[PDB]
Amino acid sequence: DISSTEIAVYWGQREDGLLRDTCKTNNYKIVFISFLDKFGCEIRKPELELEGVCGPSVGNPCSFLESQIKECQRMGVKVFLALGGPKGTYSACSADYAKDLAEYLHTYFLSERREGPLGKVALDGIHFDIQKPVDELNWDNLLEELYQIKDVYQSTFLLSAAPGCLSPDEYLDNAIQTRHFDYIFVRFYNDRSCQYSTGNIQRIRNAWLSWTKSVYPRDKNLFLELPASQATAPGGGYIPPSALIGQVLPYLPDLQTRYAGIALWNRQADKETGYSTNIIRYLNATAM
């Protein structure tokens, strides 16, 4: 229901501030470290670069984040690594590379097995933000390979995706049809066919409906990914918090069985506008 809303947020740029500060707000159940955005056939050991935050090009090692990640986790925040995003050159390449990459993710991010880009960590999941890949092949294979690893090691890490709001998604449909994703964060913005606009919820309600049919199993596994400010939604889709709570959420089909919460693009914008804070105030403690 609305009261059980969980909030995820994207973090990974200078303007987002500290990962620690993000987690310690208590506003978020999930933080996506964003993004591993340079990988593909001949990239044997992908390197993490967080814009203005860490990586070889910045001169501050991403491994400094290990302690912050672990404190996030200790206070119950799930920390995911997000693949892809709006920039970079990324490809799952081939069936073979999909296995190599899944193993890399497991070894270096999901198991504390070796020192990796974020230090020695076991992240809570891998998030497929496949919005601008080289192309559409092999994302299903990557997901399959990660899913199989989880079974090999009886791991608890989660797998999630962020498709666009018109179903079927051009890049992620085959992956989503495997049913291996735990969570789907549908990007209801930058698309007039399926996003909110002032006084008009029909397109977003209809798109949500479409996604409830498209995504199996029929669990509480669907989130709305939304921009946290008008400026992070140049193509539209921003939903004022009062409208989200009053005009949109109550009217989502299968709200009571499918709705898990929302994700906010991005931490900087959320800080600027107070979006999640306001959401929590309303949906949370509507009556104390």
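Position 1 is the first residue in the sequence shown; the rest follow in order.
Legend: mean Cα B-factor per stretch from the PDB entry, 146-154 versus 171-179; the higher mean is in 146-154. Two stretches are in play, 42-50 and 221-229, and the higher mean C-alpha B-factor belongs to 42-50.
Listed residues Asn206, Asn141, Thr107, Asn190 were ranked by CA B-factor as deposited; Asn190 comes out on top. The entry lists a Cα temperature factor for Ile279 that places it in the middle third of the chain's modelled residues.
Ranked against the other modelled residues of its chain, the C-alpha B-factor of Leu81 as given in the entry falls in the lowest third.
The entry lists a Cα temperature factor for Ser34 that places it in the lowest third of the chain's modelled residues. Among the modelled residues of its chain, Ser111 has a C-alpha B-factor that falls in the middle third according to the deposited record. Per the deposited record, the Cα B-factor of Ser214 falls in the highest third when ranked against the other modelled residues of its chain.
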